[PDB]
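As C-alpha cells, the structure follows; a few thoughts come after it.
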Amino acid sequence: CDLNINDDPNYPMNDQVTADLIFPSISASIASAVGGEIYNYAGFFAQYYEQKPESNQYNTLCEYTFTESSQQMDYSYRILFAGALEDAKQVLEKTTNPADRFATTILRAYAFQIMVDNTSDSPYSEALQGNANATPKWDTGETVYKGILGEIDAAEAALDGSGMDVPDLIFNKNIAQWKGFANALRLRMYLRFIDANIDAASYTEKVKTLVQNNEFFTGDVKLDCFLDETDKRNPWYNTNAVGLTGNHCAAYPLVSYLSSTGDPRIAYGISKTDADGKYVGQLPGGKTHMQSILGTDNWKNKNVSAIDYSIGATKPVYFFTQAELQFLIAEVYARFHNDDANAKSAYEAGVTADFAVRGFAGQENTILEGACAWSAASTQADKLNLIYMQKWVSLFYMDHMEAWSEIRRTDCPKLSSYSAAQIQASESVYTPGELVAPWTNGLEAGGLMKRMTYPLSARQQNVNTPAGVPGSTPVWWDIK
Amino acid sequence: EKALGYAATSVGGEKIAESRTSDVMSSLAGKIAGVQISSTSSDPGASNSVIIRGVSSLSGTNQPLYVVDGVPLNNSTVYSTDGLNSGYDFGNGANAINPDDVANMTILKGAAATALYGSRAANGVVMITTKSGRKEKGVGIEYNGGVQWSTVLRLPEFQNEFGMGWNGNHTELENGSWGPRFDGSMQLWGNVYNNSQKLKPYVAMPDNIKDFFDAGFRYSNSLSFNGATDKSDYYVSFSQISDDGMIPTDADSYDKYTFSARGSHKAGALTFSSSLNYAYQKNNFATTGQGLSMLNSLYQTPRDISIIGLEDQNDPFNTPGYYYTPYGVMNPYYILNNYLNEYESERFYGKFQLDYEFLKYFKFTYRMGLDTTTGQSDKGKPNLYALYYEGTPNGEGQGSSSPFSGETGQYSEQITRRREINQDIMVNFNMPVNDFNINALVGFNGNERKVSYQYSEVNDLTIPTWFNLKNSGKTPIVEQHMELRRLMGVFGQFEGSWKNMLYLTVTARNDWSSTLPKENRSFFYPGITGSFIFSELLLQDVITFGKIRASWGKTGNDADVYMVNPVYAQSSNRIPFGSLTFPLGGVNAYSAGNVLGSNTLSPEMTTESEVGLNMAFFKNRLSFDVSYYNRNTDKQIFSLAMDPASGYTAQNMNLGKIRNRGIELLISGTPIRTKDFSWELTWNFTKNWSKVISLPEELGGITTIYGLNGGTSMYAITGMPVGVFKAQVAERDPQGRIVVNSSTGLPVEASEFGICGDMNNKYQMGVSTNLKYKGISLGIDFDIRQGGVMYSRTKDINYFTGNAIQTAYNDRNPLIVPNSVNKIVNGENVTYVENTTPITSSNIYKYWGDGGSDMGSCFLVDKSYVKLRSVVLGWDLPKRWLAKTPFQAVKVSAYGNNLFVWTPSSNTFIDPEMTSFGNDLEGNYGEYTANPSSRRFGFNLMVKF
Amino acid sequence: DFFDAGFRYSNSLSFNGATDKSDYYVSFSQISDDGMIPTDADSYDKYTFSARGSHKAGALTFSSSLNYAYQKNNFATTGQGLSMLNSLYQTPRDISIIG
Amino acid sequence: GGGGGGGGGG
Amino acid sequence: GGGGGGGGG
Ligand SMILES: *[C@H](CCOC(=O)CCCCCCCCC)OC(=O)CCCCCCCCC
Ligand SMILES: [Ca+2]
Ligand SMILES: [Ca+2]
Ligand SMILES: [Ca+2]
Ligand SMILES: [Mg+2]
Ligand SMILES: [Mg+2]
C-alpha cells in the first residue's frame with residue numbers, strides 16, 4: 001500500500017503550469033461576468049430592455065425588488081476575484097516579462113473598475129491573500145481607482161521594448177493596442193474623478209493631455225472568440241437564449257428615442273412586434289401594470305417588440321467600444337478645450353463607428369444630418385446631451401455595464417419628471433429617450449438604480465463587508 | 001456476544017424478507033431506534049438513506065459501514081449531480097444484496113469501540129450475516145415467487161373552482177388555472193391547427209392528474225440451494241426483480257439480478273471458506289427537474305384540461321408543435337416516450353477466509369474482500385428545435401420564448417469503474433481461568449478504494465432522434481476522472497469476563513491514511529466498554545434479564561481524496577445557467593483552483609459517551625432497552641466556505657464539533673400468549689439533539705450545504721443544529737404588522753432572509769403489533785416522525801400555477817392582506833400607516849406565486865408524518881396438507897407497504913419521504929418535484945423443497 | 001547488451017476437500033512479469049480467484065463454479081515510427097547503445 | 001448557495 | 001492494404 005498517492009491525478013503537476021497557461025483565463029473570466037450577468041442587469045438599469053410579458057425571470061430587477069439576499073451578482077463576484085484576479089496574481093508571480101505584466105495589470109485593473117462601479121467599495125489592498133486573510137477589508141472606491149491607475153502607470157513605465165510571450169485573445173500581442181486600452185481606461189476613470197469633483201483640477205488637465213496624444217486603441221477592445229456551440233457561446237446569449245427562454249423585450253426609453261431620431265439601428269437586436277409590425281418598448285417595471293390596464297390577451301409577448309437573440313451566439317464581449325472612446329473625446333473637447341470642431345469630429349466619428357459595427361455602414365447621415373445633427377445643438381448643453389444620448393444608444397447590445405455607469409456619471413439620459421403611469425396615460429408629456437422610474441419600484445426612496453448589493457457570499461463569510469444599503473445609495477463617484 | 005456495552009439491534013432475515021421489498025433496508029424504516037431509514041423516492045431502483053444517530057459529516061458521508069461476511073461492502077450511490085434540471089437516482093450499493101440470503105442483521109449504533117472495522121464505523125455499522133448450510137429435509141431448495149402493484153399515494157390537493165387562464169382572465173393556452181370560475185359554458189382551448197381548434201365545456205376535471213398514472217407492476221423470482229455435512233456447507237442462490245412503475249410507459253424500470261455461491265469446508269484445525277456474488281441492474285428513470293421533464297410538465301396543467309386526452313399522437317393537437325400550452329413545458333407522454341436516461345451496472349464482490357486454530361486457545365484468520373463495479377449511463381433528448389420549431393405555434397410562433405430553444409438534442413454516455421480491496425490478518429486468543437475469561441484479538445487492516453470513469457457528450461444532433469456520438473456536427477465534450485486512496489491499520493481488542501456477569505472490553509487502533517498530509521498520516525483512537533448483568537447473581541423469575549451498559553471511546557477519521565495540495569484546473573467559468581469553458585479559441589488554458597489546499601490538516605476524532613439499560617420480564621413477555629448517548633465529531637476535514645475576494649471560494653480545514661445527543665428507547669411485550677394465539681406489541685422511541693458546536697471563526701460561522709441562488713438555502717451555522725434553513729420572509733413593522741407595497745398590495749421583502757427551521761425531526765418513533773394464530777401471521781407497523789422542515793418544489797409549482805387549493809383563498813376576489821401597513825419612508829423617517837391598497841384580481845396570481853404573506857418561506861414544508869409503513873398477512877400451510885407432495889413447507893403471503901400517510905393540516909402536497917439531492921445530508925434540503933410517492937401491495941409464494 | 005533479463009515470480013495456492021455428498025475447491029494465482037526490454041514497459045500482472053463446489057442430496061445435485069480474473073499489461077509498442085525496436089535496429093554498428 | 005432556477009410562463 | 005514509409009540516411 002503506497003500511501004504517497006495523494007497527488008490529484010486529475011490535474012497537472014504544479015510546476016508544469018506556467019504563466020502562458022494561466023493568462024488566457026483572465027480575459028475570459030472577466031468577460032464571463034462583464035458580458036454576462038453584469039451586462040444583463042445593467043441593461044435593465046440603463047433601461048435598454050424590459051421583462052417579456054409571458055415569462056417571469058427578471059421581474060425583480062425591473063421592479064427594483066431584489067435585495068442583498070437575492071445574490072444578483074454572486075456568480076460574477078466569484079468569477080472576477082476567485083477566477084480572474086487570482087489567475088492574474090499567479091501570472092505576475094510566474095513571468096517577469098514586462099509586456100506580459102502590462103497586459104495582466106491592465107486586465108486586473110479593469111476588474112476592480114467593474115466591481116467598484118457596482119458596489120462602490122471593493123476588497124483590494126488585502127484581497128488575494130488566501131488563509132493569510134480570509135476576511136479582507138473593503139477599500140473605498142476612490143482608493144481603488146487611485147491605486148489601479150497607479151498600477152497601470154507603473155506597469156507601463158516598466159516596459160523595456162521586449163515582446164509578449166503569452167496567448168492574447170484580445171489583441172494578439174500588440175503592445176500598442178494595450179497601451180491604447182490603458183489610456184482609454186485612464187480617460188474613463190479621469191472623467192469619473194472630474195464629475196465627482198475630486199482632484200478635478202489635475203484630472204481635467206490629465207484628461208486634456210490624454211486626448212491630445214490620441215494614443216488610444218483601434219477597433220473595439222473586445223474578446224472575439226465565441227462559437228455557437230456549447231459552453232463556448234457569448235455568456236449573455238448562453239444564459240438568456242439557451243439556459244432560459246426569451247425573457248427580454250425592448251424598453252420604452254430606447255424605443256421612443258430610436259423612433260424619434262429616425263435611426264435605422266432600431267433594427268439591430270430589436271424586433272418588430274409580432275402583432276402589428278412596429279417597434280414598442282415597455283415602460284420599466286410596468287409589465288404587470290400593462291396587463292392590469294390593457295388586459296391579459298392585449299399585453300402578451302406579441303404586443304411588444306422582442307430583443308433579438310440571433311445576433312448573439314457568437315457575438316463578442318466588449319470591454320471598450322470605439323464609438324464610446326470617440327464620445328469621451330468628443331466630451332473632453334466640448335467642455336475642457338474650446339474646440340467645437342474637434343468635438344463635432346469625435347462625435348461624428350463615434351456615430352460612424354457604431355453604424356459600422358451594427359452593419360449599417362454608410363447610413364450614419366440619417367441622424368448626423370437629421371435630428372441628431374450637431375448643427376441643431378445650440379447650447380453647449382444641447383451638445384453634451386447629444387454626445388451623451390448617442391453614447392447611450394452606442395452601448396446598447398455592446399457594453400451595458402458601462403452604459404449604466406455613464407448614465408450615472410453624466411446623468412444623461414435624464415430621468416423624466418413624469419411617472420410610468422403618467423407616461424402610459426398621455427404620451428405627449430414624455431421626452432423620448434428620458435429614463436422612467438420603474439412603475440413598481442422597490443426602492444423606498446424611489447428613482448433609478450444607483451448600485452448593486454454587496455455579494456451575499458462576502459456578507460456571510462467576511463465580517464469586514466460594508467453593511468447593506470438600499471439600491472438608491474450613490475456610488476462614490478455619482479454625486480447627482 | 002451480547003456481552004456488548006453499547007446500543008445494538010438484531011433482526012433476522014425472516015423479518016428482513018417478509019416484506020418482499022427489493023431492498024434489504026427499506027423494510028426496517030421506523031423499526032429500530034436511532035436508525036433513520038428513508039427512501040429517496042418511489043422510483044424503482046432508487047437509493048435508500050440510513051443515518052445513525054444524526055449527521056456527523058458536514059459533507060457528506062453519513063451512511064453506516066455495511067459489513068457482510070465480514071468484509072466491508074461498497075455502498076456507493078449513483079444519482080444526478082444537478083438535481084434542479086435533471087434529477088435522477090439509480091441506487092446505492094447496499095440495494096444489491098438479496099434479502100432472501102440474509103440470516104441475521106446486527107446494527108452497531110455506537111462509535112466508541114470501532115477498532116474492528118475502522119474509521120467508517122463511526123457512522124455506525126450494519127453487520128449482515130448470510131445463510132449457510134443444512135442438514136434438513138429434504139433436498140434444500142427454497143423458492144420465493146412474488147407479484148406486486150404500485151399505485152400513486154398522495155398527489156397535491158387541488159382547487160377545482162377556476163380553470164385555464166391568467167390574471168383571472170380566460171386564456172386558450174395557459175399552463176395554469178388563474179382563469180374564471182367554472183361556468184359549464186363552451187370555451188376554446190389549446191392551439192389552432194389547420195384553421196381548427198378544440199372546444200369543450202368549461203368544467204373541472206378533478207381526476208385529471210390522478211388518471212394520468214397507471215398501476216406499477218413488479219414480478220420477482222428467487223431460488224436457493226442448500227446442504228451441509230459435518231465438515232462442510234454450501235449455499236447457492238439467485239434473485240430476479242423486474243419493476244415497471246406507475247408512471248406511464250417503461251421509463252420507471254428496474255431489473256435486478258443476483259447470483260451467489262457460498263461455501264465452507266473444514267479439514268482438521270483449518271477452515272477455508274469463500275463467498276462470491278454477482279449483481280446486475282438496469283435502471284431507467286423518469287427524469288425530474290424544472291425544465292422539459294414529465295412531472296414539471298404535468299403539474300403545469302389547468303384544472304379543466306384532460307391530461308389522458310393528450311397521449312394520442314395521431315391527434316395533431318397533441319404533437320409538440322400544437323400542444324395546448326407553450327410555456328416552458330411539453331406533452332408529458334412525449335417526454336416519456338422520447339427521452340432517455342438509462343443505467344446498466346455489473347458488479348462482482350466476494351471474500352476468502354482462512355481460519356486455523358492452534359495450541360488449544362489461538363486461532364489465525366486471514367480474510368480478504370474484493371468489490372468491483374462497472375456502471376454505464378446513457379442519457380439523451382431529441383433535437384426538438386429541428387423537428388418542431390419551424391412553422392408551428394409553439395414553435396416559430398413563440399420566437400425566442402419557445403420551449404424548443406435551444407433544445408437541439410444531446411447525448412452522453414459514462415462508464416464508471418469502482419474497486420475496493422480489504423485485507424485483514426488477525427490472531428485471536430481465548431482462554432478461561434478460575435471463572436474469569438480472556439479473549440484477545442490482534443489484527444492488521446489494509447484498504448484500497450478506487451473509482452474512475454470516462455464521460456463523453458455530444459450536442460446538437462444531426463439526425464434529430466438518433467442518440468449516438470456520431471450524430472453531431474459540433475465539438476464533442478469529453479471528461480475523465482479517477483481517485484485512489486489507501487489505508488493501513490493495526491488494532492487490538494481485549495475482552496475480559498467474570499462469571500458471565502461482568503464483561504469488559506478495551507479496543508485500540510492506529511491507522512495510516514493516504515488522504516491526510518504526509519507528515520500527519522497516523523491517528524490513534526482507543527475505547528472501553530462495560531456490561532454488568534445483575535440478573536444472574538442478583539429468587540424470581542420475575543426478572544428474566546437485567547443488564548446495565550456503558551461506553552467511552554474514540555473513532556478517528558481521515559479526509560476525502562486530494563485535499564492537501566493545490567491544483568490548477570482547465571479554465572472554466574460558471575455563469576447563470578451555463579458555462580464558458582476552455583479551449584478558446586484554439587488555446588487551452590489553466591486556472592487556479594478555487595479550493596485552497598492545506599497541509600496543516602490533522603485527523604478527525606469522534607468521541608462518544610453512552611450508558612444504557614436492558615431488562616426483560618416474565619420469560620421475555622416484557623422487554624425494554626434504553627440508551628443515552630453523547631457524540632462529538634471533531635476536526636472533520638471539510639471544504640469550508642470562504643470569501644471569493646481571498647482568491648478562493650473555500651479552504652479545507654478541520655471543523656469544530658458536530659454534536660449528536662439523544663435517547664434510544666425500545667419497549668416490547670407479549671400481552672397474550674396461548675397455544676394457538678399470540679399478540680405482541682412493540683414501541684420504539686428516538687429523540688436526537690443535533691448541534692454544530694463551532695465552525696472556524698476566521699471564515700464566518702456559516703457555510704452552505706445546499707441552496708438556491710437568491711432562494712431558500714440550507715446551512716450549517718455555528719451555534720445551531722445541522723441543516724438550518726434561511727428563506728425570504730416579508731417585512732414587519734415594530735408591532736407585528738405585515739408591510740405591503742403602497743401601489744400593488746403585495747408584501748415587501750425584509751432586509752435579510754429569516755431563519756425558518758432546521759432539517760431535523762424533533763422526535764421519531766414507531767409502533768408495531770404482531771398476531772399469530774396457528775398458521776396465520778399479521779404485522780402492522782406505523783412510522784411516526786415529527787418535526788423539521790424541507791423545501792418543496794411541489795408546493796412551489798402548485799402555488800405558482802394556481803392549482804393548489806390554498807390559492808382559492810378569498811374566492812380570488814380583490815383583497816387587502818390582513819394586518820397590512822405601508823412603510824412611509826422620507827429620507828431617514830420611518831412611519832407606518834394602515835394599508836388601503838387591495839391586491840387586484842389581476843395580481844392575485846402573483847400573490848400566491850411569491851408565497852403569499854409568507855413569501856419564499858411558504859415553500860419550506862413540515863417534514864412530519866405518520867405512516868402505515870407495512871402490513872404483512874402470512875399463511876403458513878399446515879404440514880399435514882403437504883405429505884403426498886414434494887413440498888416441505890408452503891407459505892402464501894399478502895403484503896402492502898407505504899400504504900397511507902398522514903401529514904399536518906398545513907402540508908397537503910407531498911409525502912415528505914422525498915428528495916432530489918441524494919440519500920445523504922444534501923438530500924435533506926428538500927424535494928425538487930421528485931416524482932409522487934407510491935402505495936405498494938402484493939403477494940408472495942414460498943415453497944420449500 | 002541493451003536488453004536485460006526479464007523477471008517473473010509466481011504464487012499459486014489451492015484449498016481442497018470433500019465428503020461423500022460434497023466437494024469444494026478454492027484457488028488463487030498471481031503472476032508478475034517484467035520482460036527483457038529495459039524498464040517496466042513490458043509488464044504483465046495476472047490474478048485469478050476461483051471457487052468450485054458441488055452438493056448432492058437425493059436425486060438432486062447442484063454445483064457452481066465462479067472465477068475472477070485480473071490483468072494489467074504494459075507493452076513496448078512496435079512499428080515503423082518512433083517505437084523502441086525500430087529505433088534500436090537503426091543503430092550504426094559502432095554506436096554504444098547502453099551509452 | 002449555488003444552483004439557480006427559472007420562472008414560468010404566464 | 002495500408003501504407004509504410006521509407007527510412008532516412
Ligand atoms: C491493498 C491494501 C494494501 O495492503 C496490502 O498490501 C495487503 C498485504 C497483505 C497480504 C496478505 C497475504 C495473506 C497470505 C495468507 O491490497 C492489495 O491491493 C492487494 C495486493 C495483493 C494481495 C494478494 C493477496 C493474496 C491472498 C491469497
Ligand atoms: Ca411505468
Ligand atoms: Ca371560497
Ligand atoms: Ca523489462
Ligand atoms: Mg480560481
Ligand atoms: Mg448621477
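Residue numbering restarts at 1 for every chain of the C-alpha cells, chains are lettered A, B, ... in their displayed order, and ligands are numbered from 1 as they appear.
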* Taking only C-alpha atoms into account, what are the residues of chain D at most 6 Å from chain B, put as number ranges by chain? -> D: 1-4, 9
How about saving the chosen residues, C-alpha atoms kept, as a PDB file, in the first residue's frame?
```
ATOM      1  CA  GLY D   1     -25.681  28.880  -2.251  1.00  0.00           C
ATOM      2  CA  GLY D   2     -25.149  27.666  -5.831  1.00  0.00           C
ATOM      3  CA  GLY D   3     -27.821  26.432  -8.249  1.00  0.00           C
ATOM      4  CA  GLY D   4     -30.479  28.646  -9.787  1.00  0.00           C
ATOM      5  CA  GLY D   9     -44.717  31.207 -18.449  1.00  0.00           C
TER       6      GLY D   9
END
```
Write out as a tab-separated table (two decimals) with N, CA, C and O atoms, in the first residue's frame each polymer residue (protein, DNA or RNA) that has an atom no more than 10 Å from ligand 5, with only C-alpha atoms and all ligand atoms counted.
```
chain	number	residue	atom	x	y	z
A	25	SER	N	-6.95	32.69	-19.23
A	25	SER	CA	-8.14	32.56	-18.41
A	25	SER	C	-8.64	33.92	-17.95
A	25	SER	O	-9.85	34.09	-17.77
A	29	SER	N	-12.46	34.94	-17.90
A	29	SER	CA	-13.14	35.13	-16.63
A	29	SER	C	-13.85	36.47	-16.57
A	29	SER	O	-15.05	36.54	-16.33
A	78	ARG	N	-17.65	35.95	-7.80
A	78	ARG	CA	-16.74	34.81	-7.65
A	78	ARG	C	-15.82	34.68	-8.86
A	78	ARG	O	-14.62	34.43	-8.71
A	79	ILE	N	-16.37	34.86	-10.06
A	79	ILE	CA	-15.57	34.79	-11.28
A	79	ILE	C	-14.46	35.82	-11.26
A	79	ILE	O	-13.31	35.51	-11.57
A	80	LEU	N	-14.79	37.08	-10.91
A	80	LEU	CA	-13.83	38.17	-11.02
A	80	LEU	C	-12.69	38.05	-10.02
A	80	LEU	O	-11.55	38.41	-10.33
A	81	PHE	N	-12.98	37.57	-8.81
A	81	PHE	CA	-11.98	37.56	-7.75
A	81	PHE	C	-11.33	36.20	-7.56
A	81	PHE	O	-10.12	36.14	-7.38
A	82	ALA	N	-12.11	35.13	-7.53
A	82	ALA	CA	-11.54	33.80	-7.35
A	82	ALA	C	-11.23	33.11	-8.67
A	82	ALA	O	-10.56	32.08	-8.67
A	83	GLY	N	-11.72	33.66	-9.77
A	83	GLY	CA	-11.26	33.27	-11.09
A	83	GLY	C	-10.17	34.17	-11.62
A	83	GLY	O	-9.01	33.77	-11.65
A	84	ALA	N	-10.53	35.39	-12.03
A	84	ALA	CA	-9.59	36.24	-12.78
A	84	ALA	C	-8.52	36.82	-11.87
A	84	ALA	O	-7.33	36.67	-12.14
A	85	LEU	N	-8.92	37.50	-10.81
A	85	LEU	CA	-7.93	38.19	-10.00
A	85	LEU	C	-6.90	37.23	-9.42
A	85	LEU	O	-5.74	37.61	-9.24
A	86	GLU	N	-7.28	35.98	-9.15
A	86	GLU	CA	-6.30	35.03	-8.64
A	86	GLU	C	-5.36	34.58	-9.75
A	86	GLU	O	-4.14	34.49	-9.55
A	87	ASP	N	-5.91	34.31	-10.92
A	87	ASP	CA	-5.07	33.91	-12.04
A	87	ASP	C	-4.06	35.00	-12.35
A	87	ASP	O	-2.87	34.72	-12.54
B	567	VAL	N	-4.31	22.60	-6.82
B	567	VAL	CA	-4.36	22.13	-8.19
B	567	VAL	C	-4.70	23.29	-9.10
B	567	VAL	O	-5.15	24.35	-8.66
B	568	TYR	N	-4.45	23.09	-10.39
B	568	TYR	CA	-4.87	24.01	-11.43
B	568	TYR	C	-5.83	23.28	-12.35
B	568	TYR	O	-5.49	22.24	-12.91
B	569	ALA	N	-7.02	23.81	-12.50
B	569	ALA	CA	-8.00	23.15	-13.35
B	569	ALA	C	-7.94	23.72	-14.75
B	569	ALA	O	-7.44	24.81	-14.98
B	571	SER	N	-9.35	25.81	-17.44
B	571	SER	CA	-10.10	27.02	-17.16
B	571	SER	C	-11.56	26.88	-17.57
B	571	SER	O	-11.87	26.44	-18.67
B	572	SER	N	-12.45	27.23	-16.65
B	572	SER	CA	-13.86	27.34	-16.99
B	572	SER	C	-14.47	28.40	-16.09
B	572	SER	O	-13.91	28.78	-15.06
B	573	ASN	N	-15.64	28.87	-16.50
B	573	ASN	CA	-16.32	29.92	-15.76
B	573	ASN	C	-17.79	29.54	-15.65
B	573	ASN	O	-18.45	29.32	-16.66
B	590	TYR	N	-5.35	27.10	-18.20
B	590	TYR	CA	-5.46	26.57	-16.86
B	590	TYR	C	-5.74	27.70	-15.89
B	590	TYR	O	-5.37	28.85	-16.15
B	591	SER	N	-6.43	27.39	-14.81
B	591	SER	CA	-6.84	28.38	-13.83
B	591	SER	C	-6.51	27.88	-12.44
B	591	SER	O	-6.40	26.67	-12.21
B	592	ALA	N	-6.34	28.80	-11.50
B	592	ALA	CA	-6.04	28.41	-10.13
B	592	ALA	C	-7.29	27.88	-9.47
B	592	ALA	O	-8.35	28.52	-9.51
B	593	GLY	N	-7.16	26.72	-8.83
B	593	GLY	CA	-8.33	26.03	-8.31
B	593	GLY	C	-8.97	26.79	-7.17
B	593	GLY	O	-8.30	27.41	-6.35
B	594	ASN	N	-10.29	26.73	-7.11
B	594	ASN	CA	-10.97	27.59	-6.17
B	594	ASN	C	-10.98	27.07	-4.75
B	594	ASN	O	-11.50	27.77	-3.87
B	595	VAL	N	-10.42	25.89	-4.48
B	595	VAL	CA	-10.46	25.30	-3.15
B	595	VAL	C	-9.05	25.22	-2.61
B	595	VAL	O	-8.24	24.42	-3.08
B	596	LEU	N	-8.76	26.00	-1.59
B	596	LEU	CA	-7.41	26.13	-1.09
B	596	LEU	C	-7.01	24.86	-0.37
B	596	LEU	O	-7.69	24.43	0.55
B	644	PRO	N	-14.76	34.84	-1.73
B	644	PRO	CA	-14.06	34.78	-3.00
B	644	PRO	C	-13.01	35.87	-3.16
B	644	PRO	O	-12.06	35.72	-3.93
B	647	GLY	N	-9.36	35.05	-3.19
B	647	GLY	CA	-8.79	34.28	-4.27
B	647	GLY	C	-9.29	32.86	-4.34
B	647	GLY	O	-9.09	32.20	-5.37
B	648	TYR	N	-9.93	32.36	-3.30
B	648	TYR	CA	-10.51	31.04	-3.28
B	648	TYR	C	-11.91	31.13	-2.71
B	648	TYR	O	-12.23	32.05	-1.97
B	649	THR	N	-12.76	30.18	-3.08
B	649	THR	CA	-14.12	30.12	-2.57
B	649	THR	C	-14.27	29.17	-1.40
B	649	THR	O	-15.35	29.11	-0.80
```
* Using only C-alpha atoms and all ligand atoms: which of A:387, A:394, A:419, A:3 has the shortest distance to ligand 1 ->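 Of the candidates, the smallest distance to ligand 1 is held by A:3.
Using only C-alpha atoms and all ligand atoms as the basis for the distance check, residues found within 10 Å of ligand 6 are residues 195, 196, 405, 406, 407, 408, 409, 410, 411, 412, 414, 448, 450, 474, 475, 477, 478, 479 and 480 of chain A.
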* To do: Dump as JSON, numbers by chain the residues of chain D that approach chain A to within 8 Å, counting only C-alpha atoms.
  => {"D": [6, 7, 8, 9, 10]}
* **Given 7 Å and only C-alpha atoms and all ligand atoms, residues near ligand 4 as a ChimeraX atom specification** => /C:4,6,34-43
Next, write the just-selected residues to a file, as a PDB file, in the first residue's frame, keeping C-alpha atoms as the atom set.
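out.pdb, freshly written:
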```
ATOM      1  CA  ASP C   4      18.013  -7.026 -19.716  1.00  0.00           C
ATOM      2  CA  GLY C   6      13.185 -10.419 -17.667  1.00  0.00           C
ATOM      3  CA  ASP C  34       8.771  -7.667 -16.328  1.00  0.00           C
ATOM      4  CA  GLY C  35      10.457  -8.796 -19.526  1.00  0.00           C
ATOM      5  CA  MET C  36      13.874  -8.262 -21.041  1.00  0.00           C
ATOM      6  CA  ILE C  37      13.222  -4.949 -22.732  1.00  0.00           C
ATOM      7  CA  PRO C  38      14.668  -2.413 -20.296  1.00  0.00           C
ATOM      8  CA  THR C  39      12.390  -0.547 -17.918  1.00  0.00           C
ATOM      9  CA  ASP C  40       8.944  -1.741 -16.839  1.00  0.00           C
ATOM     10  CA  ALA C  41       7.162  -1.017 -20.122  1.00  0.00           C
ATOM     11  CA  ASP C  42       6.971  -4.735 -20.916  1.00  0.00           C
ATOM     12  CA  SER C  43       4.881  -5.857 -17.933  1.00  0.00           C
TER      13      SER C  43
END
```
* DSSP says helix (DSSP H, G or I) for which residues of chain C? Put them as an MDAnalysis selection string? -> chainID C and resid 84:89
* To do: Would you mind listing the residues within 12 Å of ligand 3, counting only C-alpha atoms and all ligand atoms, as a list in words?
  =>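 These are the residues that qualify: residues 159, 160, 161, 162, 181, 805, 806, 807, 808, 809, 810, 811, 812 and 813 of chain B.
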* Select the residues contacting ligand 1 at a distance of at most 8 Å, based on only C-alpha atoms and all ligand atoms, then format the selection as a list in words. => residues 1 and 2 of chain A; 354, 366, 368, 421, 422, 423, 424, 425, 445, 446, 447, 448, 486, 487 and 488 of chain B; 13, 28, 29 and 30 of chain C
